[PDB]
Amino acid sequence: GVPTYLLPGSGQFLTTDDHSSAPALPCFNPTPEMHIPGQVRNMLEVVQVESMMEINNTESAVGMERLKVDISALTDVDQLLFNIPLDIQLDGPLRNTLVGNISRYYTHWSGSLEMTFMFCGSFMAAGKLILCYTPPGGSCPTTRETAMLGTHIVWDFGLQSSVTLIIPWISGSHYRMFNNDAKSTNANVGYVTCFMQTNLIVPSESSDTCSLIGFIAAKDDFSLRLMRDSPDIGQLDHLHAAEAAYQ
Amino acid sequence: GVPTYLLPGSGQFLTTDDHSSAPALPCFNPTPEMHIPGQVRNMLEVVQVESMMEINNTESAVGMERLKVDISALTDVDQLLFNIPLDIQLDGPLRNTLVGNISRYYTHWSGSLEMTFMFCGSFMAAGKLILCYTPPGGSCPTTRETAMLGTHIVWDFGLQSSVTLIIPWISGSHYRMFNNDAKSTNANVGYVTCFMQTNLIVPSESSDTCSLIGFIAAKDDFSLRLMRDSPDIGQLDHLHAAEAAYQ
Amino acid sequence: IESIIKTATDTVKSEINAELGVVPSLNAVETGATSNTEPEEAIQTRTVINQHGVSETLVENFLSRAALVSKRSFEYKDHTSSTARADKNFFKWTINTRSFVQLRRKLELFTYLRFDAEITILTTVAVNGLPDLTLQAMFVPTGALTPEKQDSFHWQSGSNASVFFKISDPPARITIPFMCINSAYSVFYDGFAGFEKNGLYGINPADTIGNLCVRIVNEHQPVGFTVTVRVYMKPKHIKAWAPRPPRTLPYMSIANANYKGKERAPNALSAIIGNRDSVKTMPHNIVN
Amino acid sequence: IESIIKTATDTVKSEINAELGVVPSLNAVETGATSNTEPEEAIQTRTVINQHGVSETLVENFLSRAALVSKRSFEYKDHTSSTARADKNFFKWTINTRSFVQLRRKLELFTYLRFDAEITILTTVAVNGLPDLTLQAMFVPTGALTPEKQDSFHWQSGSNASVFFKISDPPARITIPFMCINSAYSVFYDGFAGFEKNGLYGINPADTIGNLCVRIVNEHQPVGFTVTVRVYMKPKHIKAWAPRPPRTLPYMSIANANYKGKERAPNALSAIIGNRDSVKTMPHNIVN
Amino acid sequence: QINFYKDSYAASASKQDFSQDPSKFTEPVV
Amino acid sequence: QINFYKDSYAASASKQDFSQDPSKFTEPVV
Amino acid sequence: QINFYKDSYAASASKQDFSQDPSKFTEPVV
Amino acid sequence: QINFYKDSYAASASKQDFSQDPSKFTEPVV
């Protein structure tokens, strides 16, 4: 017949191989395809949707207080309000986001991010903020004179209640890794900080402690590769009733 | 020669695989095909044939009394005569039918049914019946005012001795399952009930207890998939003389 | 009207029908014809483009699933002291669809079948380490000379189609052709095989494929093994004629259609379908 | 606008923009739309021809990785003295994506999935030499008759798609088709299966594939073996609808989406993301 | 599909005959 | 790629559908 | 059928020679 | 015949060179 020989790699079950396999139910007629709304054909559709950052990932912020940042009227000039760890691949405010949870199924990621901050004060509350994306290399900037040298956006509080801090893809490498080393040149992204441009100024009938909801999506520049399993989920024992699926 | 490698699934005997195998008797000449009458090329030919329901699946109906429903003259108004469990896949009056026994070789079924009721009274016996297919969700309707809101047919007893209660395919899903759960939204079909429209009225020389033979076939809408082995047959031990087939 | 039907038929929409003379729900069972009342003709329907394929109900796809037809655990040891009834390292088997009831009830749905048997012989072994035994499965025709020993000279297979296979190999699959002298296998044979009145009723030998004499080619080893040989038949290239009522009662024997039924319903003689309380009692009722 | 996107999009160069009326950084989250501020529109960019392929983020490539769905070590021995709870040389398994959390969280990213299961059954054996056991993995539908013994007559497989395979062979790989009665598998089923109020919440049986009854075809051998049968499911031909928040809290059960969370952050109930000192405290700070 | 044998019965199962005639069963009348 | 089976679901994974529409998610507004 | 060898005798059996002449046996006369 | 390798020496034996010249042995004279 046909003179063949087995290569190395014969009879091995690679999990990610793509080969046609034997149909269990022959001449099966699957259910006809109905137009179900909202088909995802590519996971970067899911990533480019905005999703809330937990910038307030502190203690004494229990549950939903972690999603908003309380900013107040300040008596000092040009004070730091918050800074955001930009490690998508590591634990931090970007982790439980749509750009974060999907990228923790991957290792190498590229493309520009997109931070959107929705002010949730009163309509009478007037204020201005600066949102400085500092490219990495140095420490997180604590004064505004240090931070506004980087990429920033200055935001007035009026009719439109949100800016977009585009985090540009500034990297030497084409992609960026996970390493468990947040301080690596291949993994570190930079630092987004926020400072009072002027101040949060409310009248006597508005609440003095207004809020900021911080979103992050990715852009059309964004890309992911080198798929891995997510570290966001674990499994110590069998789940409950999993033994009852066999009974 | 040809560089090959064994996939997962090599050397395994799937029962339902479709591969050309080695002929035991080479250059065999099979017997020439003769036109034998009544070829079935598709099992839905067998299903679309009418076949008697055992609506009288009670005790004290021994054998053939289960195939007919005894209806009588009634002194009360608008009384229930019979109701039919519509679970083809489960045990009930539809089980020992051509639509039932073939569909118990399958799991998922679609398409409209077809109940035909042949009156077998005298020619002098005059009567009227309503045959209400109630789509599922609620209880089996016990009064006629409850049941005639559903799909029904009103049937006069004259020259033609049979109606067709078309059970329309009313389902959310494309198909319907077997589950051993007759009360499931994926499995339950509804309830066919029968009520006296007027009454069964016989003269003094006809028998007061006339009969109804209930048929069910399927329509051209009907369909079956996900083939399984039938629960209608079992095998506890070896059959008799099966050891003598080896001797 | 013979027509090619790949999917289930569409449902046309219909409107309010109030017409004298045309009574499509009224039909005649006494003619023997199944009622041609369309769902459009009975109730008021919408337009439904039905895309449900009918391909899994094909009789080819119905019966071409390799089902079990034979199973013998037989001892593999010294048979110098064993009785002259057990398998002395070989078994003959008249190839018989009737031994196992799942394939039997499927093949007894029809009266006449024209199929090619795709015999797959799965041999499996247990100890009374496992050996890699070689097995011969010599196909003997119906009534021809079957061997008497393991090492008898009938196994030389001058013309009988032996298949030699190992336990460590994939299962031996051969294709027995359509081997009836008639144009179809008489699944039910209302009649007798012999011209005298001693013939067995229902057993047409033309329906019988033949013998499947299976021995273990190796000699006897010092420890005994229990070798179980499962035979799986896949009917293929199937033409089927005259369908029948599916058998409801349990089978009693492989030689005939005797019936006893269960003691109680379901599948009993006096009551095939399981009983309920009354004809107006709904067993699975949605009570909220 | 539906468009074919094979690589990530290029970045056009931009210049100094000082324009009234056009404020592309200012956007409205309250509309629900994600901000359309291009990087050209926010900062001053160069021309970048981005050649980064987006092909590994395809939902086909996302979910078609054969992940573990079942795992049972079960004893293979004489079961004449064992209790009537353990596996007497066979196990039934209702095929269930929910048992193992890596594939479960990936499939619970979406609401509706339309995939073909590429079931790979890896059987591995340990001694309590190794035998070359033959295994049957009979695919039973949801709720149908599952076998009661190892050598019961349900394993004859008249129509259920059994796959017979050995330990020494490569792992048995079959393709379960898209077997939902609906047009997609309801991964989350906000509703009840039954019409009565006793039905289990969230468990749609249409989402359930079926049973995977797996026995060892060999008889019991004089020494006992612990046979571990791992089942690997590869979703393929995948269409996916309505993505969801990925589950952050640990799973509690396979039947529902109950949550307890970790005791402390990360992945706790009161604190999903791990805590830090203040909102103005940078945890991984480059201090030189 | 493949059929490298010299016998036409040795091929794979012919699961393509979609011609059906139910009218010799549902309407067997003249 | 290869697909010597008689069933179209039995083929290899269709890793070629590069059509995406993020504007039903990023811009779901009217 | 297949015959990937370099020798024509190494091929499969030639079960195609349907030419027969019984008249050199049944009618061997002149 | 088959030769799915990238090296021409890795092929099967070339048993086709029927050119012979015995006259450089049987008649080696000028």
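Per the PDB entry, the recorded name for chain C is viral protein 1, and the organism is Enterovirus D68.

> I'd like a rundown of the overall build of chain C, residues and numbers included.
A count of helical and extended segments in chain C gives three helices and 10 strands. Shown N-terminal to C-terminal, the secondary structure of chain C runs as helices and strands in the order β-α-α-β-β-α-β-β-β-β-β-β-β. Taken against the 2.2 N^0.38 rule, which gives 19 Å for 288 residues, the C-alpha radius of gyration of chain C at 26 Å runs more than 25% over that of a compact globule. The principal-axis extents of the C-alpha atoms in chain C amount to approximately 85 × 50 × 45 Å.

> Residues and numbers for the overall build of chain E, please.
Assigned secondary structure in chain E consists of zero helices and one strand. If one aligns the C-alpha atoms of chain E with their principal axes, the spans along those axes are about 45 × 15 × 10 Å. Of all 30 residues assigned to chain E, the portion counted as buried reaches 47%. Accessible surface computed for chain E: about 1700 Å², of which carbon and sulfur atoms make up 52%.

> Which residues make up the environment of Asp87(C), and what values go with them?
Residues and elements named next belong to chain C. Mapped onto the fold, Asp 87 is located in the loop between strand 2 (67-76) and strand 3 (90-91). On the basis of relative accessible area, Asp 87 is assigned to the buried category, the value being 14%. Sequence-wise, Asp 87 and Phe 74 are 13 residues apart; in three dimensions their C-alpha atoms are separated by 6.1 Å. In this structure, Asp 87 is in contact with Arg 72, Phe 74, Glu 75 and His 79, ignoring residues within four places of it in sequence.

> Break down the nonpolar core for me, citing the residues and quoting the values.
In this structure, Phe82(A), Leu113(A), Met115(A) and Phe222(A) are the most contacted members of the largest nonpolar core, which totals 119 residues. For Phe222(A), the residues in contact, after removing those within four places along its chain, are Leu44(A), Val47(A), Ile88(A), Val99(A), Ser103(A), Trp109(A), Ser110(A), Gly111(A), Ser112(A), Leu113(A) and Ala8(D). With 110 residues, the next largest nonpolar core counts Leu94(B), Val192(B), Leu63(C) and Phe225(C) among its residues.

> Kindly report on the interface of chain B and chain A, identifying the contributing residues and their values.
Contacts between the two partners involve 16 residues from chain B and, on the opposite side, 23 residues from chain A. Roughly 1700 Å² of surface becomes buried between chain B and chain A when both sides are summed, with 62% attributable to carbon and sulfur atoms. Considering only the side of chain B, the residues that lose the most area to chain A are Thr4(B), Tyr5(B) and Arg225(B), jointly responsible for 27% of the buried surface there. On the surface where chain B and chain A come into contact, there are 10 residue pairs in polar contact. Classifying every residue of the side of chain B that touches chain A gives 10 nonpolar, five polar and one charged.

> Help me get a handle on the interface of chain A and chain D, residues and values and all.
Contact residues are listed per partner, giving 109 residues for chain A and 109 residues for chain D. Summed over both sides, the interface between chain A and chain D buries roughly 9100 Å², with carbon and sulfur atoms accounting for 55% of that surface. Together, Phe13(A), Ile233(A) and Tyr246(A) form the three largest contributors to the area buried by chain A at its contact with chain D, with a combined 9%. Counting across the interface, chain A meets chain D through four salt bridges. Of the charged contacts in the structure, one is a salt bridge between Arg114(D) and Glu33(A), with a shortest N-O distance of 3.8 Å. Remark: the boundary between chain A and chain D carries 67 residue pairs in polar contact. Top contributing element to the side of chain A that touches chain D by residue count: strand 5 (residues 80-85) of chain A, with six residues. A class-by-class count of the residues in the side of chain A that touches chain D yields 53 nonpolar, 37 polar and 19 charged. Relative to strand 7 (residues 172-176) of chain D, strand 2 (residues 22-23) of chain A runs parallel, the two sharing two bridges. Bridging across to strand 7 of chain D, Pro23(A) finds its partner in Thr175(D).

> Go over the relation of the copies chain B and chain A, please, and point to the residues and values.
The two copies are related by a screw motion: chain B maps onto chain A through a turn of 72° and a shift of 0.0 Å along the axis, at an RMSD of 0.0 Å. In the structure described here, the two chain copies are related by an operation that fits a five-fold rotation axis. The rotation axis passes nearest to the C-alpha of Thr4(B) in chain B, at a distance of 5.2 Å.

> How would you explain the pairing of strand 2 of chain C if you had to name every residue and give the values?
Residue and element names in this part refer to chain C. Strand 2 sits mainly inside the fold: seven of its 10 residues count as buried. In this sheet, strand 10 (residues 225-243) lies alongside strand 2 in antiparallel orientation, the contact comprising nine bridges. Looking at the pairing, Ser 73 lines up with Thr 228 of strand 10.

> How would you summarise the packing of aromatic side chains if you had to cite specific residues and measurements?
Considering all chains together, one arrives at 36 aromatic pairs over all chains under this definition. The interplanar angle of 70° and the centroid separation of 6.2 Å between the aromatic rings of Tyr246(A) and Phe91(D) together place this pair among those described as edge-to-face. Of this pair, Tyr246(A) sits in the segment after strand 13 (223-227) while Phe91(D) sits in strand 3 (residues 90-91), on two different chains. You'll find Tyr246(A) and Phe91(D) in the same group, each marked buried. The ring of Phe178(B) carries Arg228(B) above its face, with NZ or CZ at 4.4 Å from the centroid. The positively charged end of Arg244(C) is found above the aromatic ring belonging to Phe188(C), 4.0 Å away from the centroid.

> Talk me through unusual backbone geometry; I want residue IDs and the actual numbers.
In this chain, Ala265(C) is followed by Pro266(C) through a cis amide linkage whose omega measures 5°. Here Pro266(C) lies in the segment after strand 10. A positive phi is found at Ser60(A), a non-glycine position, where the angle reads about 70°. The residue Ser60(A) is located in the loop between helix 1 (44-47) and strand 4 (68-72) in this model. Look at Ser60(A) and you get exposed, because its relative accessible area is 71%.

> Go over the sheet that holds strand 6 (residues 161-166) of chain D, please, and point to the residues and values.
Across the sheet, which stays open at both edges, the five strands sit in the order 2(B)-6(D)-5(D)-9(D)-3(D) with antiparallel pairing between neighbours. The strands lining the two open edges of the sheet, one partner per strand, are strand 2 (13-14) of chain B together with strand 3 of chain D. For strand 2 of chain B and strand 6 of chain D, the ladder comprises two bridges, and the chain directions are antiparallel. Within strand 6 of chain D, the residue paired with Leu14(B) across the bridge is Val163(D).

> Explain the environment of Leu159(A) residue by residue, including any values.
Assignment of secondary structure puts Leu159(A) in the loop between strand 9 (151-156) and strand 10 (162-167). C-alpha of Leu159(A) to C-alpha of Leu86(A): the two residues are 73 residues apart in sequence and 29 Å apart in space.

> Hey, could you go over the pattern of salt bridges for me, with residue numbers and the actual values?
Opposite charge on two side chains permits them to pair, given that their charged atoms come into close proximity. One pass over the full model with this rule turns up 40 salt bridges over all chains. Taking the shortest distance from any N to any O, the salt bridge between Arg66(B) and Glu54(B) comes out at 3.4 Å. Of this pair, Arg66(B) sits in the loop between helix 1 (44-47) and strand 5 (68-72) while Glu54(B) sits in the loop between helix 1 and strand 5; the two residues are 12 residues apart in sequence, bridging distant segments of the chain. Residue classification places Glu54(B) among the buried residues on the basis of a relative accessible area of 6%. The partner of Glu56(D) in a salt bridge is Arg65(D), and the shortest N-O contact between them spans 3.7 Å. Salt bridges here are not isolated pairs; linked through shared partners, they connect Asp17(A), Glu118(D), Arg173(D), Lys234(D) and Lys236(D).

Reading the values: rules and limits
Residues carry numbers counted from 1 along their chain as the sequence is written. These may differ from the entry numbering, and residues without coordinates are not shown. As they are written, the chains are lettered A onward and the ligands numbered 1 onward, keeping that order. Values throughout apply to the visible chains only, these chains being members of a larger assembly. Remark: hydrogens and water are excluded; side-chain values derive from all non-hydrogen atoms of the structure. Secondary structure is summarised from DSSP: a helix means a run of H or I of at least four residues, a strand means a run of E of at least two, and numbering begins at the N terminus for each. Only the C-alpha atoms count toward the radius of gyration. The rule for a globule is 2.2 Å times the residue count to the power 0.38. Accessibility here uses a 1.4 Å probe with only protein chains present; expressed as a share of the type maximum, an area under 20% marks a residue as buried, one over 50% as exposed, and anything in between as partly exposed. Shrake-Rupley sampling with a 1.4 Å probe provides the accessible areas, and residues are treated as covered by the protein chains on show and by no other component. Residues count as neighbours in contact if any of their non-hydrogen atoms are within 4.5 Å of one another. Throughout, nonpolar core names a set of buried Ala, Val, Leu, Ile, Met, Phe, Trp, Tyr and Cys residues whose side chains join them through atoms within 4.5 Å. Here the quantity called buried area is the total loss of accessible area, with a 1.4 Å probe, experienced by two parts when brought into contact, counted for both. Identification of polar contacts relies on pairs of N or O atoms within 3.5 Å, with a donor-acceptor requirement for protein atoms, meaning one able to donate a hydrogen and the other able to accept it, and with residues adjacent in sequence counted only if both atoms are side-chain atoms. Classification used: nonpolar for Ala, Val, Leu, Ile, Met, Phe, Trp, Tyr, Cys and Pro, charged for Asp, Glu, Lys and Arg, polar for all others including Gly. Salt bridge criterion: a side-chain nitrogen from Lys or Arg within 4 Å of a carboxyl oxygen from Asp or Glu. Two strands pair if DSSP finds at least two bridges between them. Copies of the molecule are overlaid using a least-squares fit to their C-alpha atoms. Centres within 6.5 Å are what make two rings of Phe, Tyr or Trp a pair, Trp counting through its six-membered ring; a difference in plane orientation under 30 degrees is then read as stacked, over 60 as edge-to-face, and the rest as tilted. Only when the NZ of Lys or the CZ of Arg is both within 6 Å of the ring centre and within 35 degrees of the ring normal is a charge said to sit over the ring.

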